[PDB]
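Contents: one structure, followed by commentary.
As the structure lists them, so they are numbered: ligands from 1, and atoms in each ligand from 1. Side-chain atoms are counted along with the backbone in the values below, which use heavy atoms only and exclude waters and symmetry mates. Note on naming: letters A, B, ... go to the chains in the order of the sequence lines (proteins, then strands), and numbering restarts at 1 for each one.
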Amino acid sequence: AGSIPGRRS
Amino acid sequence: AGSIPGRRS
Amino acid sequence: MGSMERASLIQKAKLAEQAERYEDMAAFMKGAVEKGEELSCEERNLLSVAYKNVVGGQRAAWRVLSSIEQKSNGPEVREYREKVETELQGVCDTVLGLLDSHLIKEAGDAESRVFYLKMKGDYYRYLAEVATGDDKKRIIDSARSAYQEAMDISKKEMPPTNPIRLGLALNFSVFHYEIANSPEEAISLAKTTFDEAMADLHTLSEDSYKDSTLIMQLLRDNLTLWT
Amino acid sequence: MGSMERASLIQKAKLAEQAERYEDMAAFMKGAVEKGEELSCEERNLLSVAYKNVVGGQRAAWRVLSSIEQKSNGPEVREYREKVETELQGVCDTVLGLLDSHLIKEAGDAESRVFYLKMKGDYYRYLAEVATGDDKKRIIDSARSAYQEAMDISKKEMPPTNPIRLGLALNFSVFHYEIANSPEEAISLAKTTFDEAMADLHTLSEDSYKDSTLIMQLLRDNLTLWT
Ligand SMILES: *Cc1ccc(S(=O)(=O)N2CCc3ccccc32)cc1
Ligand SMILES: *Cc1ccc(S(=O)(=O)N2CCc3ccccc32)cc1
Ligand SMILES: [Cl-]
Ligand SMILES: [Cl-]
Ligand SMILES: [Cl-]
Ligand SMILES: [Cl-]
Ligand SMILES: [Mg+2]
Ligand SMILES: [Mg+2]
(Lines give C-alpha, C1' and ligand atoms only; values in the text may rest on other atoms or scores of the structure.)
(Ligands and ions follow the chains in the order given, each with its own letter.)
Protein backbone atom coordinates (compact mmCIF):
# COMPACT_ATOMS: atom_id res chain seq x y z
CA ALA A 1 0.00 0.00 0.00
CA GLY A 2 1.84 3.09 1.23
CA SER A 3 5.61 3.32 1.59
CA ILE A 4 7.42 5.91 3.70
CA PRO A 5 7.03 9.54 2.52
CA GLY A 6 10.06 11.75 2.06
CA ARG A 7 8.92 14.23 4.72
CA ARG A 8 6.79 13.80 7.85
CA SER A 9 3.92 15.62 6.09
CA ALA B 1 -6.08 37.51 -9.84
CA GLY B 2 -6.92 34.38 -11.83
CA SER B 3 -6.28 33.99 -15.55
CA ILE B 4 -7.96 31.39 -17.76
CA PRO B 5 -7.10 27.75 -16.94
CA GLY B 6 -5.95 25.38 -19.66
CA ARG B 7 -8.94 23.05 -19.17
CA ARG B 8 -12.49 23.69 -17.98
CA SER B 9 -11.64 21.95 -14.68
CA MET C 1 10.59 15.34 -32.97
CA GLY C 2 11.32 15.69 -36.67
CA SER C 3 11.20 11.94 -37.31
CA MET C 4 7.83 11.34 -35.59
CA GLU C 5 4.56 11.53 -37.51
CA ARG C 6 2.30 14.52 -36.80
CA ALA C 7 -0.55 12.27 -35.76
CA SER C 8 1.69 10.33 -33.37
CA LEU C 9 2.91 13.57 -31.75
CA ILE C 10 -0.71 14.65 -31.20
CA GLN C 11 -1.63 11.26 -29.78
CA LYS C 12 1.36 11.32 -27.44
CA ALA C 13 0.54 14.87 -26.32
CA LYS C 14 -2.90 13.58 -25.23
CA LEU C 15 -1.27 10.68 -23.39
CA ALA C 16 1.24 13.02 -21.75
CA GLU C 17 -1.60 15.18 -20.44
CA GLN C 18 -3.34 12.11 -18.96
CA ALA C 19 -0.03 11.13 -17.30
CA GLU C 20 0.54 14.72 -16.07
CA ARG C 21 3.83 14.88 -18.01
CA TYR C 22 3.45 18.46 -19.19
CA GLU C 23 7.06 18.99 -20.28
CA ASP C 24 6.70 15.99 -22.59
CA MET C 25 3.32 17.34 -23.71
CA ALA C 26 4.85 20.63 -24.67
CA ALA C 27 7.70 18.95 -26.55
CA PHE C 28 5.26 16.81 -28.52
CA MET C 29 3.16 19.87 -29.36
CA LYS C 30 6.19 21.90 -30.40
CA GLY C 31 7.05 19.04 -32.73
CA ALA C 32 3.50 19.02 -34.10
CA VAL C 33 3.56 22.77 -34.76
CA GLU C 34 6.91 22.43 -36.48
CA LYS C 35 5.35 20.09 -39.03
CA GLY C 36 4.16 23.34 -40.59
CA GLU C 37 0.44 22.60 -40.91
CA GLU C 38 -2.24 24.70 -39.21
CA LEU C 39 -3.68 23.40 -35.91
CA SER C 40 -7.29 22.45 -35.35
CA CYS C 41 -9.24 23.78 -32.33
CA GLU C 42 -8.46 20.68 -30.27
CA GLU C 43 -4.77 20.84 -31.23
CA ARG C 44 -4.58 24.54 -30.27
CA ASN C 45 -5.92 23.62 -26.86
CA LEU C 46 -3.27 20.88 -26.48
CA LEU C 47 -0.55 23.41 -27.31
CA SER C 48 -1.90 25.95 -24.86
CA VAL C 49 -2.52 23.47 -22.03
CA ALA C 50 1.00 22.09 -22.33
CA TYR C 51 2.90 25.36 -22.21
CA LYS C 52 0.54 27.01 -19.74
CA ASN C 53 1.23 24.21 -17.28
CA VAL C 54 5.00 24.23 -17.85
CA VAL C 55 5.33 27.99 -17.47
CA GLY C 56 2.79 28.00 -14.64
CA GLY C 57 5.06 25.75 -12.62
CA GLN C 58 8.09 27.91 -13.44
CA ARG C 59 6.18 31.04 -12.38
CA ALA C 60 5.18 29.47 -9.07
CA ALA C 61 8.80 28.47 -8.39
CA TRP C 62 10.10 31.90 -9.39
CA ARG C 63 7.64 33.52 -6.99
CA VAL C 64 8.77 31.28 -4.11
CA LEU C 65 12.41 32.09 -4.82
CA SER C 66 11.79 35.81 -5.40
CA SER C 67 10.03 35.99 -2.00
CA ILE C 68 12.98 34.31 -0.27
CA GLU C 69 15.42 36.60 -2.08
CA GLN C 70 13.50 39.73 -1.05
CA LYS C 71 13.44 38.61 2.59
CA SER C 72 17.19 37.94 2.42
CA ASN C 73 17.73 41.52 1.17
CA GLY C 74 25.58 34.45 -0.05
CA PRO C 75 24.78 34.54 -3.76
CA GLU C 76 22.86 31.21 -3.89
CA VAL C 77 19.23 32.41 -3.67
CA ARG C 78 19.76 35.06 -6.33
CA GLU C 79 21.71 32.60 -8.49
CA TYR C 80 18.98 30.00 -8.27
CA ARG C 81 16.17 32.52 -8.86
CA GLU C 82 18.15 33.66 -11.91
CA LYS C 83 18.44 30.07 -13.13
CA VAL C 84 14.68 29.51 -12.86
CA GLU C 85 14.06 32.90 -14.46
CA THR C 86 16.28 32.09 -17.45
CA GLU C 87 14.52 28.77 -17.95
CA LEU C 88 11.13 30.51 -17.79
CA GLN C 89 12.25 33.11 -20.31
CA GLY C 90 13.47 30.33 -22.56
CA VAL C 91 10.10 28.60 -22.57
CA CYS C 92 8.29 31.91 -23.25
CA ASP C 93 10.69 32.65 -26.11
CA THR C 94 10.02 29.18 -27.52
CA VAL C 95 6.24 29.69 -27.46
CA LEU C 96 6.54 33.17 -28.94
CA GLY C 97 8.77 31.71 -31.65
CA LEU C 98 6.15 29.10 -32.58
CA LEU C 99 3.51 31.82 -32.74
CA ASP C 100 5.76 33.97 -34.96
CA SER C 101 6.94 31.06 -37.14
CA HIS C 102 4.29 30.69 -38.39
CA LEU C 103 1.07 30.12 -36.49
CA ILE C 104 -0.22 33.69 -36.39
CA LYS C 105 0.53 34.56 -39.98
CA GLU C 106 -1.33 31.53 -41.29
CA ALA C 107 -4.35 32.00 -38.95
CA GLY C 108 -7.18 33.68 -40.91
CA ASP C 109 -10.24 32.56 -39.08
CA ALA C 110 -11.15 34.76 -36.18
CA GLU C 111 -11.16 31.86 -33.71
CA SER C 112 -7.62 30.76 -34.54
CA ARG C 113 -6.13 34.22 -34.87
CA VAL C 114 -7.64 35.48 -31.61
CA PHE C 115 -6.49 32.33 -29.82
CA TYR C 116 -2.89 32.79 -30.96
CA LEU C 117 -2.79 36.53 -30.26
CA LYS C 118 -4.17 35.86 -26.77
CA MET C 119 -1.31 33.37 -26.28
CA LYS C 120 1.15 35.95 -27.55
CA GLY C 121 -0.14 38.45 -25.02
CA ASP C 122 0.07 35.84 -22.25
CA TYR C 123 3.70 34.86 -22.93
CA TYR C 124 4.83 38.47 -23.13
CA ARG C 125 2.92 39.00 -19.85
CA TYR C 126 4.87 36.14 -18.25
CA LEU C 127 8.10 37.73 -19.53
CA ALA C 128 6.94 41.06 -18.05
CA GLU C 129 6.39 39.48 -14.63
CA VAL C 130 10.16 38.85 -14.33
CA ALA C 131 11.46 41.80 -16.33
CA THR C 132 13.58 44.62 -14.83
CA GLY C 133 16.01 45.79 -17.57
CA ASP C 134 16.13 48.27 -20.45
CA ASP C 135 13.52 46.29 -22.40
CA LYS C 136 10.85 45.94 -19.67
CA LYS C 137 8.64 48.70 -21.05
CA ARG C 138 8.93 47.18 -24.53
CA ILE C 139 7.92 43.73 -23.16
CA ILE C 140 4.84 45.24 -21.53
CA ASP C 141 3.95 47.02 -24.71
CA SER C 142 4.36 43.84 -26.75
CA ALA C 143 1.86 42.10 -24.47
CA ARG C 144 -0.52 45.05 -24.70
CA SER C 145 -0.31 45.18 -28.50
CA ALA C 146 -1.02 41.47 -28.92
CA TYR C 147 -3.97 41.54 -26.52
CA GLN C 148 -5.33 44.69 -28.20
CA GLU C 149 -5.24 43.19 -31.68
CA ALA C 150 -6.98 40.07 -30.34
CA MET C 151 -9.61 42.26 -28.67
CA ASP C 152 -10.29 44.23 -31.80
CA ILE C 153 -10.83 41.06 -33.85
CA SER C 154 -12.94 39.40 -31.12
CA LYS C 155 -15.27 42.37 -30.82
CA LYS C 156 -15.86 42.44 -34.59
CA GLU C 157 -16.07 38.68 -35.26
CA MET C 158 -17.29 36.85 -32.14
CA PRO C 159 -20.38 37.05 -29.92
CA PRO C 160 -19.83 38.41 -26.42
CA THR C 161 -20.26 34.94 -24.88
CA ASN C 162 -17.65 33.23 -27.08
CA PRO C 163 -15.29 31.46 -24.62
CA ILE C 164 -12.13 32.58 -26.43
CA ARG C 165 -13.35 36.20 -26.40
CA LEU C 166 -14.18 35.85 -22.70
CA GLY C 167 -10.86 34.23 -21.76
CA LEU C 168 -9.00 36.89 -23.72
CA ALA C 169 -10.83 39.64 -21.82
CA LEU C 170 -10.15 37.87 -18.54
CA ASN C 171 -6.41 37.65 -19.25
CA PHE C 172 -6.15 41.19 -20.62
CA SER C 173 -7.87 42.41 -17.46
CA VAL C 174 -5.24 40.54 -15.40
CA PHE C 175 -2.57 42.24 -17.54
CA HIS C 176 -4.07 45.66 -16.74
CA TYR C 177 -4.25 44.96 -13.00
CA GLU C 178 -1.00 43.09 -12.40
CA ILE C 179 1.38 44.33 -15.11
CA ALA C 180 0.23 47.70 -16.42
CA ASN C 181 -0.64 49.28 -13.06
CA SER C 182 -4.12 50.07 -14.45
CA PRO C 183 -6.54 48.60 -11.91
CA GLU C 184 -9.42 50.83 -13.06
CA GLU C 185 -8.99 49.62 -16.66
CA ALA C 186 -8.89 46.05 -15.38
CA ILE C 187 -12.12 46.48 -13.39
CA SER C 188 -13.87 48.29 -16.24
CA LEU C 189 -12.91 45.59 -18.74
CA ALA C 190 -13.99 42.76 -16.48
CA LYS C 191 -17.33 44.46 -15.67
CA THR C 192 -18.25 45.33 -19.24
CA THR C 193 -17.22 41.85 -20.43
CA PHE C 194 -19.30 40.17 -17.74
CA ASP C 195 -22.37 42.33 -18.42
CA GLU C 196 -22.28 41.94 -22.18
CA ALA C 197 -21.91 38.17 -21.82
CA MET C 198 -24.82 38.02 -19.36
CA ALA C 199 -27.07 39.73 -21.89
CA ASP C 200 -26.21 37.16 -24.60
CA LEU C 201 -26.60 33.96 -22.49
CA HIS C 202 -30.22 33.60 -23.70
CA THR C 203 -28.94 32.66 -27.15
CA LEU C 204 -26.92 29.66 -25.97
CA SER C 205 -27.42 25.93 -25.66
CA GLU C 206 -26.89 24.23 -22.31
CA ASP C 207 -23.29 23.26 -23.05
CA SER C 208 -22.32 26.67 -24.45
CA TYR C 209 -24.03 28.29 -21.45
CA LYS C 210 -21.88 26.19 -19.14
CA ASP C 211 -18.68 27.34 -20.87
CA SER C 212 -19.60 31.02 -20.89
CA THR C 213 -20.83 31.08 -17.30
CA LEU C 214 -17.68 29.32 -16.09
CA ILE C 215 -15.52 32.17 -17.44
CA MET C 216 -17.98 34.78 -16.28
CA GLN C 217 -17.48 33.40 -12.77
CA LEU C 218 -13.72 33.86 -13.14
CA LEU C 219 -14.35 37.48 -14.14
CA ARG C 220 -16.61 37.89 -11.10
CA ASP C 221 -14.01 36.27 -8.81
CA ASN C 222 -11.45 38.84 -9.93
CA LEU C 223 -13.89 41.71 -9.53
CA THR C 224 -14.61 40.55 -5.98
CA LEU C 225 -10.88 40.43 -5.22
CA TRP C 226 -10.27 43.88 -6.78
CA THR C 227 -13.23 45.76 -5.28
CA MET D 1 27.75 20.51 -10.67
CA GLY D 2 31.49 19.99 -10.38
CA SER D 3 32.25 23.71 -10.22
CA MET D 4 29.73 24.53 -7.46
CA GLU D 5 30.70 24.43 -3.79
CA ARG D 6 29.27 21.58 -1.70
CA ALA D 7 27.62 24.00 0.69
CA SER D 8 26.01 25.91 -2.18
CA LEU D 9 24.62 22.67 -3.67
CA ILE D 10 23.08 21.79 -0.29
CA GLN D 11 21.63 25.27 0.09
CA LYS D 12 20.17 25.15 -3.41
CA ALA D 13 18.70 21.69 -2.79
CA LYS D 14 16.80 23.18 0.18
CA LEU D 15 15.60 26.06 -1.99
CA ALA D 16 14.57 23.67 -4.76
CA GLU D 17 12.45 21.70 -2.28
CA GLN D 18 10.72 24.89 -1.12
CA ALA D 19 10.05 25.78 -4.79
CA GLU D 20 8.83 22.21 -5.53
CA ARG D 21 11.57 21.83 -8.17
CA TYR D 22 12.44 18.22 -7.37
CA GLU D 23 14.42 17.49 -10.53
CA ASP D 24 16.69 20.41 -9.67
CA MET D 25 16.81 19.18 -6.07
CA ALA D 26 17.98 15.79 -7.17
CA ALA D 27 20.63 17.26 -9.48
CA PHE D 28 21.98 19.45 -6.68
CA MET D 29 22.08 16.46 -4.32
CA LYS D 30 23.80 14.26 -6.89
CA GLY D 31 26.40 16.99 -7.20
CA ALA D 32 26.78 17.13 -3.41
CA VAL D 33 27.26 13.35 -3.16
CA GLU D 34 29.81 13.47 -5.94
CA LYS D 35 31.97 15.79 -3.84
CA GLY D 36 33.00 12.55 -2.16
CA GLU D 37 32.35 13.45 1.48
CA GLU D 38 29.91 11.54 3.68
CA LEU D 39 26.41 13.03 4.15
CA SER D 40 24.95 14.17 7.44
CA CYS D 41 21.47 13.05 8.56
CA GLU D 42 19.84 16.17 7.14
CA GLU D 43 21.73 15.80 3.85
CA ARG D 44 20.69 12.13 3.55
CA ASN D 45 17.09 13.25 3.90
CA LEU D 46 17.56 15.86 1.14
CA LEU D 47 18.96 13.18 -1.17
CA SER D 48 16.12 10.80 -0.43
CA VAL D 49 13.35 13.41 -0.68
CA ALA D 50 14.64 14.61 -4.04
CA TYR D 51 14.87 11.25 -5.78
CA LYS D 52 11.78 9.81 -4.11
CA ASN D 53 9.73 12.66 -5.53
CA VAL D 54 11.28 12.44 -9.01
CA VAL D 55 10.83 8.68 -9.30
CA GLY D 56 7.43 8.90 -7.61
CA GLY D 57 6.19 11.10 -10.41
CA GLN D 58 7.68 8.78 -13.04
CA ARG D 59 6.00 5.78 -11.36
CA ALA D 60 2.63 7.52 -11.34
CA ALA D 61 2.98 8.37 -15.05
CA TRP D 62 4.13 4.85 -15.90
CA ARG D 63 1.08 3.43 -14.12
CA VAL D 64 -1.28 5.72 -16.06
CA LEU D 65 0.33 4.72 -19.34
CA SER D 66 0.55 1.01 -18.46
CA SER D 67 -3.20 1.04 -17.67
CA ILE D 68 -4.00 2.63 -21.03
CA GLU D 69 -1.72 0.17 -22.81
CA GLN D 70 -3.37 -2.83 -21.13
CA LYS D 71 -6.84 -1.58 -22.07
CA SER D 72 -5.65 -1.09 -25.67
CA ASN D 73 -4.47 -4.74 -25.72
CA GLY D 74 -0.88 1.90 -33.22
CA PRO D 75 2.48 1.72 -31.45
CA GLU D 76 2.26 5.13 -29.69
CA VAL D 77 1.02 4.11 -26.21
CA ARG D 78 3.59 1.34 -25.91
CA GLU D 79 6.31 3.63 -27.30
CA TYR D 80 5.50 6.37 -24.82
CA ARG D 81 5.20 3.96 -21.87
CA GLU D 82 8.61 2.62 -22.92
CA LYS D 83 10.03 6.14 -23.00
CA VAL D 84 8.80 6.89 -19.48
CA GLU D 85 10.01 3.48 -18.33
CA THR D 86 13.52 4.07 -19.69
CA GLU D 87 13.69 7.46 -17.99
CA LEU D 88 12.56 5.88 -14.70
CA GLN D 89 15.15 3.15 -15.02
CA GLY D 90 17.78 5.78 -15.69
CA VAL D 91 16.98 7.66 -12.50
CA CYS D 92 16.99 4.43 -10.46
CA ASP D 93 20.35 3.47 -11.98
CA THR D 94 21.70 6.91 -11.08
CA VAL D 95 20.61 6.58 -7.44
CA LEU D 96 21.95 3.04 -7.21
CA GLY D 97 25.22 4.29 -8.68
CA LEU D 98 25.54 6.99 -6.01
CA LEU D 99 24.87 4.40 -3.32
CA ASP D 100 27.50 2.06 -4.82
CA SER D 101 30.05 4.83 -5.47
CA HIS D 102 30.57 5.28 -2.60
CA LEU D 103 27.91 6.08 -0.03
CA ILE D 104 27.30 2.57 1.32
CA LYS D 105 30.92 1.54 1.59
CA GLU D 106 31.83 4.61 3.62
CA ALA D 107 28.75 4.36 5.92
CA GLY D 108 29.80 2.75 9.22
CA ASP D 109 27.29 4.08 11.64
CA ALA D 110 24.15 2.03 11.82
CA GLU D 111 21.91 5.02 11.06
CA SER D 112 23.69 5.92 7.84
CA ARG D 113 24.25 2.38 6.62
CA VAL D 114 20.64 1.31 7.25
CA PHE D 115 19.37 4.47 5.54
CA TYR D 116 21.41 3.80 2.40
CA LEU D 117 20.59 0.08 2.25
CA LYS D 118 16.88 0.95 2.63
CA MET D 119 17.30 3.31 -0.35
CA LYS D 120 19.05 0.57 -2.29
CA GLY D 121 16.15 -1.77 -1.63
CA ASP D 122 13.66 0.92 -2.67
CA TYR D 123 15.33 1.70 -6.02
CA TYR D 124 15.64 -1.96 -6.92
CA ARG D 125 11.96 -2.28 -5.94
CA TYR D 126 11.07 0.54 -8.35
CA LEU D 127 13.09 -1.24 -11.06
CA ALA D 128 11.19 -4.46 -10.21
CA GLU D 129 7.82 -2.73 -10.66
CA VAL D 130 8.57 -2.27 -14.39
CA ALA D 131 10.70 -5.35 -15.00
CA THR D 132 9.68 -8.21 -17.34
CA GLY D 133 12.91 -9.59 -18.91
CA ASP D 134 15.60 -12.18 -18.16
CA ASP D 135 16.87 -10.14 -15.20
CA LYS D 136 13.55 -9.58 -13.37
CA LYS D 137 14.17 -12.27 -10.78
CA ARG D 138 17.67 -10.89 -10.18
CA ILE D 139 16.25 -7.36 -9.70
CA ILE D 140 13.79 -8.66 -7.12
CA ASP D 141 16.53 -10.51 -5.34
CA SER D 142 18.75 -7.43 -5.31
CA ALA D 143 15.98 -5.49 -3.57
CA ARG D 144 15.43 -8.33 -1.11
CA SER D 145 19.13 -8.61 -0.30
CA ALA D 146 19.53 -4.88 0.37
CA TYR D 147 16.43 -4.73 2.57
CA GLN D 148 17.54 -7.86 4.44
CA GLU D 149 20.98 -6.50 5.23
CA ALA D 150 19.38 -3.25 6.44
CA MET D 151 16.96 -5.25 8.61
CA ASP D 152 19.71 -7.30 10.17
CA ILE D 153 21.69 -4.18 11.12
CA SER D 154 18.58 -2.33 12.36
CA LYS D 155 17.53 -5.17 14.63
CA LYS D 156 21.00 -5.35 16.21
CA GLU D 157 21.77 -1.61 16.45
CA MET D 158 18.53 0.39 16.73
CA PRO D 159 15.56 0.41 19.12
CA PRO D 160 12.27 -0.84 17.70
CA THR D 161 10.84 2.69 17.58
CA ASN D 162 13.73 4.20 15.59
CA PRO D 163 12.08 5.94 12.60
CA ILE D 164 14.61 4.61 10.08
CA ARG D 165 14.08 1.06 11.37
CA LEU D 166 10.31 1.58 11.17
CA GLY D 167 10.37 3.07 7.67
CA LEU D 168 12.62 0.25 6.50
CA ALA D 169 10.18 -2.33 7.85
CA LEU D 170 7.28 -0.48 6.26
CA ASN D 171 8.97 -0.46 2.84
CA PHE D 172 10.19 -4.06 3.08
CA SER D 173 6.63 -5.08 3.94
CA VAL D 174 5.43 -3.27 0.79
CA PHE D 175 8.12 -5.16 -1.15
CA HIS D 176 6.79 -8.48 0.20
CA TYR D 177 3.17 -7.64 -0.65
CA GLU D 178 3.55 -5.91 -4.01
CA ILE D 179 6.73 -7.36 -5.53
CA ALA D 180 7.53 -10.71 -3.95
CA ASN D 181 3.99 -12.12 -3.95
CA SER D 182 4.37 -12.80 -0.20
CA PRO D 183 1.34 -11.12 1.40
CA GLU D 184 1.58 -13.25 4.56
CA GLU D 185 5.21 -12.19 5.06
CA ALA D 186 4.18 -8.59 4.49
CA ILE D 187 1.39 -8.80 7.09
CA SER D 188 3.58 -10.62 9.60
CA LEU D 189 6.37 -8.06 9.25
CA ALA D 190 4.05 -5.10 9.58
CA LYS D 191 2.30 -6.61 12.64
CA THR D 192 5.45 -7.57 14.51
CA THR D 193 7.03 -4.18 13.71
CA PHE D 194 3.97 -2.31 14.94
CA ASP D 195 3.71 -4.35 18.15
CA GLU D 196 7.37 -4.09 19.06
CA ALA D 197 7.30 -0.34 18.47
CA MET D 198 4.17 0.04 20.61
CA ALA D 199 5.93 -1.65 23.51
CA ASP D 200 8.88 0.77 23.31
CA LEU D 201 6.90 4.06 23.01
CA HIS D 202 7.12 4.55 26.81
CA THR D 203 10.83 5.30 26.46
CA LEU D 204 10.38 8.24 24.09
CA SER D 205 10.12 12.00 24.36
CA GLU D 206 7.12 13.79 22.89
CA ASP D 207 8.82 14.57 19.59
CA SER D 208 10.27 11.06 19.15
CA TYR D 209 6.85 9.64 20.05
CA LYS D 210 5.30 11.71 17.29
CA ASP D 211 7.75 10.35 14.71
CA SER D 212 7.36 6.73 15.74
CA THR D 213 3.58 6.85 15.96
CA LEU D 214 3.32 8.50 12.55
CA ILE D 215 5.07 5.51 10.93
CA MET D 216 3.17 3.05 13.09
CA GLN D 217 -0.01 4.53 11.62
CA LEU D 218 1.32 3.89 8.11
CA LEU D 219 1.94 0.27 9.11
CA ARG D 220 -1.60 0.08 10.49
CA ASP D 221 -3.04 1.65 7.31
CA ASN D 222 -1.40 -1.07 5.24
CA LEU D 223 -2.57 -3.81 7.59
CA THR D 224 -6.13 -2.48 7.29
CA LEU D 225 -5.86 -2.52 3.49
CA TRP D 226 -4.37 -6.04 3.44
CA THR D 227 -6.68 -7.73 5.97
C1 LIG E 1 -8.11 31.26 -23.99
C2 LIG E 1 -9.21 30.24 -24.08
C3 LIG E 1 -10.54 30.42 -23.69
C4 LIG E 1 -11.44 29.38 -23.81
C5 LIG E 1 -10.99 28.16 -24.32
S6 LIG E 1 -12.09 26.79 -24.47
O7 LIG E 1 -13.44 27.27 -24.75
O8 LIG E 1 -11.59 25.80 -25.43
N9 LIG E 1 -12.00 26.13 -22.96
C10 LIG E 1 -10.75 25.57 -22.43
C11 LIG E 1 -10.43 26.39 -21.22
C12 LIG E 1 -11.80 26.83 -20.73
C13 LIG E 1 -12.22 27.31 -19.49
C14 LIG E 1 -13.57 27.64 -19.32
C15 LIG E 1 -14.48 27.49 -20.39
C16 LIG E 1 -14.07 26.98 -21.62
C17 LIG E 1 -12.70 26.66 -21.78
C18 LIG E 1 -9.66 27.98 -24.72
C19 LIG E 1 -8.77 29.02 -24.60
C1 LIG F 1 13.38 5.83 5.51
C2 LIG F 1 13.23 6.90 6.56
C3 LIG F 1 12.48 6.79 7.74
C4 LIG F 1 12.41 7.86 8.60
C5 LIG F 1 13.09 9.05 8.26
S6 LIG F 1 13.00 10.46 9.31
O7 LIG F 1 12.88 10.03 10.70
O8 LIG F 1 14.11 11.39 9.05
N9 LIG F 1 11.60 11.16 8.80
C10 LIG F 1 11.45 11.69 7.43
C11 LIG F 1 10.33 10.90 6.83
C12 LIG F 1 9.48 10.54 8.04
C13 LIG F 1 8.15 10.13 8.12
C14 LIG F 1 7.61 9.86 9.39
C15 LIG F 1 8.40 10.02 10.54
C16 LIG F 1 9.72 10.46 10.46
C17 LIG F 1 10.26 10.72 9.17
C18 LIG F 1 13.83 9.14 7.08
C19 LIG F 1 13.90 8.07 6.23
CL1 LIG G 1 21.84 27.80 -9.61
CL1 LIG H 1 -5.03 29.78 -42.79
CL1 LIG I 1 7.65 8.37 -27.30
CL1 LIG J 1 32.38 6.48 7.52
MG1 LIG K 1 3.84 12.46 -42.24
MG1 LIG L 1 35.02 23.36 -1.81
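Counting atoms of ligand 1 from 1 in the listed order, those under 4.0 Å from a heavy atom of C/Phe115 are 18 (C), 19 (C). Ligand-side atoms of ligand 1 in range of B/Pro5: 11 (C), range being under 4.0 angstrom from any heavy atom. Within the listing of ligand 1, atoms 10 (C), 11 (C) sit less than 4.0 angstrom from a heavy atom of B/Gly6. Residue-ligand proximity, C/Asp211 to ligand 1, at heavy-atom distances under 4.0 Å covers atoms 15 (C). In the vicinity of C/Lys118, heavy-atom distances shorter than 4.0 Å reach the ligand 1 atoms 1 (C), 2 (C), 3 (C), 19 (C). When each atom of ligand 1 is checked for a heavy atom of C/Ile215 under 4.0 Å away, the hits are 14 (C), 15 (C).
When C/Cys41, C/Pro163, C/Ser48 are checked for heavy-atom proximity to atom 7 (O) of ligand 1, C/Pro163 turns out nearest.
Contacts between C/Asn45 and ligand 1 below 4.0 angstrom, taking non-hydrogen atoms only, involve the side chain exclusively. Contact annotation for C/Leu168 and ligand 1: no heavy atom of the residue comes within less than 4.0 Å of the ligand.
In this structure, CZ in C/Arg113 is found 13.0 Å from OG in C/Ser154, a value given to the nearest 0.5 Å. With values rounded to the nearest 0.5 angstrom, D/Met29 atom CE is found 10.5 Å from D/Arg44 atom CZ.
The distance between the ring centers of D/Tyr126 and D/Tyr51 does not fall below 6.0 angstrom.
Checking each of C/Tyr124, C/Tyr123, C/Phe175 against C/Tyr147 for a ring pair (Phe, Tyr, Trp, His ring centres under 6.0 Å) leaves exactly one that passes, namely C/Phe175. No option in D/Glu85, D/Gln89, D/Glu87 other than D/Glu87 meets the side chain to side chain donor-acceptor pair (under 3.5 Å) test with D/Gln58.
In this structure, C/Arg63 and C/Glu129 have side chains that are in contact, with non-hydrogen atoms separated by less than 4.5 Å.
Taking the six-membered ring where the residue is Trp, C/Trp226 and C/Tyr177 present parallel rings, their angle staying beneath 30° rather than reaching 60°.
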